[PDB]
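Letter by letter, the chains look like this.
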Amino acid sequence: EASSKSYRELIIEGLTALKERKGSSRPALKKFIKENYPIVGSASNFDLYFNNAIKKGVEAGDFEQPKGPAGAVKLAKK
């Protein structure tokens, strides 16, 4: 039902909408937020909000995000 969407959701929902088991990346999620979702993903500054949501969800042991030459977001507790 209606409950105010949040950037975390774009990540959690993105991981649920990603439909990938090997893992996804920052773009694979923004893509979902912009294409699988509205321009909220096809915008610009939002890209910064989703990032905070990733670190926020990942930092809280919500999603998994490595680093390397980039970073792949994976839905799963630490």
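Residues numbered from 1 in each chain as written, not as in the entry; some residues may be left out. Heavy atoms only, no water.

- In the PDB header, solution NMR is given as the technique by which the entry was determined.

## What to know about the side chain of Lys30
Here is step 1 of the chain: Tracing the backbone shows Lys30 in helix α2 (residues 26-36).
Here is step 2 of the chain: Discounting residues that sit within four places of it in the chain, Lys30 has contacts with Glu35, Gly41, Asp47, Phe50 and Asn51. (Helix = DSSP H or I, 4+ residues; strand = E, 2+ residues; numbered from the N terminus. Contact = heavy atoms within 4.5 Å.)

## Topic: unusual backbone geometry
Here is step 1 of the chain: A positive phi angle, close to 50°, is found at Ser4, a residue other than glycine.
Here is step 2 of the chain: Here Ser4 lies in the segment before α1 (7-18).
Here is step 3 of the chain: At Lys19, a position not held by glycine, the phi torsion is positive, near 65°.
Here is step 4 of the chain: With relative accessibility at 74%, the residue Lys19 sits in the exposed group. (Buried < 20%, exposed > 50% of the residue type's maximum accessible area, 1.4 Å probe, protein only.)

## Description of the nonpolar core
Here is step 1 of the chain: Counting residues in each nonpolar core, the largest one holds 16 residues, and the members touching the most others are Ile11, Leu15, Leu29, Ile33, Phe50 and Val73.
Here is step 2 of the chain: Looking at this core, the elements with two or more residues in it are α1, α2 and α3 (46-59).
Here is step 3 of the chain: Per element, the largest residue contribution to this core is five residues, and it comes from α3.
Here is step 4 of the chain: Aside from chain neighbours lying at most four places away, what touches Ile33 is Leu10, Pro38, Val40, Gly41, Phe46 and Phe50. (Core = buried A, V, L, I, M, F, W, Y, C linked by side-chain atoms within 4.5 Å.)

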